[PDB]
């Protein structure tokens, strides 16, 4: 049975996002230009077949609205069984401001609102004629007008959150960060700070440790224990890790090309980790050095604090 997080505003969000539109298969030189049928297909198949409320992770920056649009139009999934996260591209300017970006997203997506709208990065493009304060106020209006049912940020440091909390009429509900066993603090003290201020974390690329397991794999305690738990529960290693993210009070955001893994992702609440299994994953993960796949140029300097 599906599990949800309760945001600070009372709204429910599916506790795993199993469908992402960040990753494309397009057979061309300029992949930025080419529609990916194989992406609309995997998304539409997800929507059609994945049980319960299906949480999609989109962003302006992915430039895959048409693909997601095509699948949304063609799906027999009704709109209220889809949870659509979308992200204003603040790092690489595509639209002037959040309101223009969301307007353009709704047009292309064929929907009237998104269920969550995030400011994608605190490092505002120098070409944007808006700063974070103004950016947030726009999201506050989109929220009020119901075009964004929930609002938050992504890749924000404690500092970035304070700037926003300092001017916030509507408290940001979500901070989407890179989080996994091998990067347990994207930026110094973010997890503890976010959870103490009732800001829900999502974890992007939580499956990093399983991206390409090391050569000396089942010598490494992290990988031995993870394997151990996969057999105990008769689940995939991925499912264990996704569930661990959840058990940490964080909403894991994952994607696959393979409908099996997506369905497995949705089905992580077919099982449960004990307190000590979670602590041990946490612990054995923390012995690993930081593995950061995202906002690398900005946050590499924070690596010394990521695996505390």
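Residue numbers count along the first chain shown, from 1.
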item: Segment of higher mean CA temperature factor, 187-195 or 121-129; value: 121-129
item: Given 223-231 and 147-155, the range whose Cα B-factors average higher in the PDB entry; value: 223-231
item: Highest-ranked of 267, 57, 260, 41 once sorted by CA temperature factor in the record; value: 260
item: Candidate residues 287, 11, 21, 300, the one whose C-alpha B factor the record puts highest; value: 287
item: Where the record places residue 271 (Cα B-factor, split into thirds across the chain); value: middle
item: Where the record places residue 282 (Cα B-factor, split into thirds across the chain); value: lowest
item: Chain-wide C-alpha B factor ranking for residue 87, given as lowest, middle or highest third; value: lowest
item: Record-listed C-alpha B factor of residue 31: chain third; value: highest
item: B-factor third for the C-alpha atom of residue 170 within its chain; value: highest
